[PDB]
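Student: No gaps in the numbering here: position 115 of the sequence shown is 105 in my numbering, and each next residue is one more. I'd like to ask you about the structure that follows.
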Amino acid sequence: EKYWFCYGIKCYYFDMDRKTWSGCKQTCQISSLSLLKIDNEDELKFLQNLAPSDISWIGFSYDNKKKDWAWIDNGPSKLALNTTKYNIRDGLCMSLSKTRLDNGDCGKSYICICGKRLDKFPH
């Protein structure tokens, strides 16, 4: 209906204009958003429930300092972490299949999931 949607306390915007990962991110930031941080399942689950088939860019990648993977946020979320399925051999940055999520080439261009948290109350 729209390319925006709220669930529960967060909202969501999907910029259908495919981009890199780097790309997607700087772009959520431009307008106060942020490359979607997932907090659990209820969010995994129904998130991919309806995505467009086209993959997309979510704020998880390989941080070096950490020399590990990470949320644009630097904070755990409850979500099954299988981080070991992944090689630097494939790619680095994290996308979101309709199926499940893989990594790979931050240069590969998909859509973004920019997310927000709606505290306060829409008026």
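Using N, Cα and C, we set each Cβ at its ideal position, and we do this for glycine too.
Nearest-angstrom Cα distance between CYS96 and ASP109?
Tutor: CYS96 and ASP109: Cα-Cα distance of roughly 31 Å.
Student: How many angstroms separate the CA atom of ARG90 from the CA atom of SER46?
Tutor: 11 Å
Student: When you compare only the Cα positions, how much space is there between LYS98 and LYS9?
Tutor: 8 Å
Student: I need the DSSP call for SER21, collapsed to helix, strand or coil.
Tutor: Look at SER21 here: in three-state DSSP terms it is coil, with no helix or strand label.
Student: Taking DSSP as the reference, what is the three-state secondary structure of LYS35?
Tutor: helix
Student: So, under 8 Å CB-CB, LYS27 and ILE62 are touching, yes? Tell me the CB distance rounded to an integer number of Å.
Tutor: At roughly 7 Å, the Cβ-Cβ gap stays under 8 Å, so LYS27 and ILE62 are in contact.
Student: Alpha carbon to alpha carbon, what distance is there between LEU86 and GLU31?
Tutor: 13 Å
Student: How is the beta strand (DSSP E) around residue 114 delimited, first residue to last?
Tutor: Residue 114 is absent from the model: the chain starts at -9 and stops at 113.
Student: Any idea which residues DSSP pairs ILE103 with across the strands?
Tutor: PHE4
Student: By alpha-carbon positions, which one of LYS55, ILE(-1), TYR100, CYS83 ends up nearest to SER43?
Tutor: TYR100
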